[PDB]
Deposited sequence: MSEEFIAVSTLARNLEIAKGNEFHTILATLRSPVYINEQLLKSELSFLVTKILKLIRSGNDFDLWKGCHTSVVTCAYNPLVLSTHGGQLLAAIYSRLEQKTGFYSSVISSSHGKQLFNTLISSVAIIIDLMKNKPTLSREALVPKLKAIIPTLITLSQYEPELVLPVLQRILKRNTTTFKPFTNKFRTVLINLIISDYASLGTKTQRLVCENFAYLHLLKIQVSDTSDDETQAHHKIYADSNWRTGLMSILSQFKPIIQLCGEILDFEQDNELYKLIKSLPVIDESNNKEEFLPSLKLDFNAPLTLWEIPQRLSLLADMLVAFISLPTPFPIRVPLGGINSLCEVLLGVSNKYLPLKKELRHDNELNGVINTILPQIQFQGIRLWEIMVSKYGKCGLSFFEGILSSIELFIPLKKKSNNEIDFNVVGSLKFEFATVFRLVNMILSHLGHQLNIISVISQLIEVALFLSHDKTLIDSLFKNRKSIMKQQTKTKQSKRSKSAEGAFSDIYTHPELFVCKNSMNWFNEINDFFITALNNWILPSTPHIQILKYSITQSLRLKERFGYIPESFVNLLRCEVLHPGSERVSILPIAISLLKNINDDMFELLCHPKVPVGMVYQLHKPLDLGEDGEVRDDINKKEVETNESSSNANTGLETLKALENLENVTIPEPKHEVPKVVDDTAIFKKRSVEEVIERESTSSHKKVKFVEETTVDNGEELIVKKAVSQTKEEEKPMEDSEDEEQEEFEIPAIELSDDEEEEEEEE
């Protein structure tokens, strides 16, 4: 019946994996909430855990914090009785173990130790927020001393600490107040660094925490407009090399735009130093994304026309020897920071900004690299580098057409994007400029996780447009050939191609004849129920009574 929790406690001071995991697993059971073991047996377990955490060989500590986490999560009485004492012990060990950091990270287990301690503190103070009476008198006299330690530790371990301070700053905006300057310093020291040794997650977290720093109606607006105003100097610095006023409607808009960062220097004899310009614009875009896409405890003014104008002027930036070669690569990356901002302005706000959904699609044509000589032809060698960016473009288009829907008039950007997507759907080879008797082994074959993205884009195109003939026949040939190839290689057809053939059957558009019976010939032993309804239709849905 009952597993005698004293037995778990006494077998816990020594327990390796295949015993310790059973101890943690059986302690989930709710029958340890019951009369007259609530003052004499849980006390024994908690004193055992406390003796494990208070002094140990750094294995009993890891074991102990995991044990307290599981116990407090699956038993609210242990929380309401002893959570303050457990959290005090864990914070004390964290404090002594972060008083030194370069003698505690010396053995490849200090990192995991900080991970488990920080995670355990976070989990405890994420369960003591559903109890007002308990968030008093166990956390609030302790956060004043918890938070400076976490700040000092975030200088070295931002990937692990910053979500905790983010949640604490968000749920408590009045105890983080007198430490706020001390936080800001470290965040400017983490942005003044190279800022590419940090991951995307860490970059986003420092941006988000700097954004939530300004919670202390109006300060959010000041920080937001400061970051928005730090865009125009960089663009005018880029305008001394692209020679604007060749097109004046752009230069009218550039001067129509409205601080801790260094004013940067550029040298043309060292063209690699031109990689500072994208690596500042991406930074400011991340900070802007943080100020915009985050939740708040109050509403906020967000300028949408301003950032739309900013995105519009970013994608206008396009068309001694190696310098020209380096200029031919930074500019797509510059445009992509307009793409990356419209993708967040679209999904998070949705139909707000419906007015801008037609200009974005026209401006995406500027992102496409054309051949240099005079022509409207696509430069496929540049497109081979830009794969992730064009995937982001495809997701942006699919985000827009969820709201716009089917479109009467057609535009030219979609046909060029289809040509791009059909180029990217071909198995790349990188020996074409020239063997060793086998040039077919030097290919980069396209996974199915990429074909899914391409096929979702073609679904969006065939749904909402009556396309021209040749950009339709290419799609049909692609779908049929690849489906047959995969049905030979495999014994089946993946689901994205089936969805593509479904859309090709349902939405033929300008065609005078469907591809229905060929889809069924391919779907011979892979049956599906869409075409049953099409060929063998059903009685309506209310005739039955």
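Counting from residue 1 of the deposited sequence, the stretches lacking C-alpha coordinates in this chain are 1-3, 220-239, 282-290, 352-362, 478-506, 618-763.
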